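Trainee: Structural data only, the sequence is not supplied:
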């Protein structure tokens, strides 16, 4: 074929029922995630190719960056609840990996503060149980695919994008190839 298992994707031996249709995993410590985010714009180019009715979920993971890593997953929960993903993603990435100015939960908070979220509003959300469950979800979803590496994308809980079977000569062609694969798996 042109798309075969073990090539542009892999199949999960243990398929995850009722999973979000298009599901992405990342870490703000994850170097490829960084390049996935602000040089490749993967999530975004995948949206521009997905069908009618399809929903995209993005979750942080804990297993990079240790104690900060966890704070970052809770902080992403806050991002999701407050609907500010688009306003923190870049300064969070740049704060961990470019400038190294994020070293404590407090530095994470600053990003949100400087991005315009209100202190009391952030703290409230941070400490809220809607956020607790959102952290819980982020973790359960990862556990359900026994996830060990990021970036990762899962389609319909059944398939896993395998970027290392696509070519990296031209980045724009990588994106196109990646996104098209998602569209393929989506229709499967």
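Mentor: Structure received. Numbers count the residues shown, from 1 in each chain.

Trainee: For the chain, which segments count as helices?
Mentor: Ranges of helices in the chain, per DSSP state H, are 31-38, 42-47, 66-82, 85-93, 105-114, 119-127, 129-144, 171-186.

Trainee: Of the ones you listed, flag the one that's most buried.
Mentor: Comparing these by mean neighbour count (mean count of other C-beta atoms under 10 Å), helix 66-82 ranks first with a mean of 20. All C-beta spots, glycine's among them, are computed from the backbone N, C-alpha and C.

Trainee: Which residue of the chain lies farthest from its centroid?
Mentor: Largest separation from the mean C-alpha position in the chain: residue 1, at 29.3 Å (C-alpha atoms, centre = their mean).

Trainee: what's the distance between it and residue 30?
Mentor: 31 Å (C-beta to C-beta, to the nearest Å).

Trainee: residue contacts, residue 41?
Mentor: Residue 41 makes contact with residue 175, according to C-beta atoms under 8 Å, 6 or more residues apart in numbering.

Trainee: tell me the contacts of residue 9?
Mentor: Neighbours of residue 9 in contact, by C-beta under 8 Å, 6+ apart: 3, 155, 159-162, 165, 181, 185.

Trainee: same thing with residue 144?
Mentor: 16, 19, 157.

Trainee: go again using 6 Å as the cut-off
Mentor: Neighbour list for residue 144: residue 16 [criterion: C-beta atoms under 6 Å, 6 or more residues apart in numbering].
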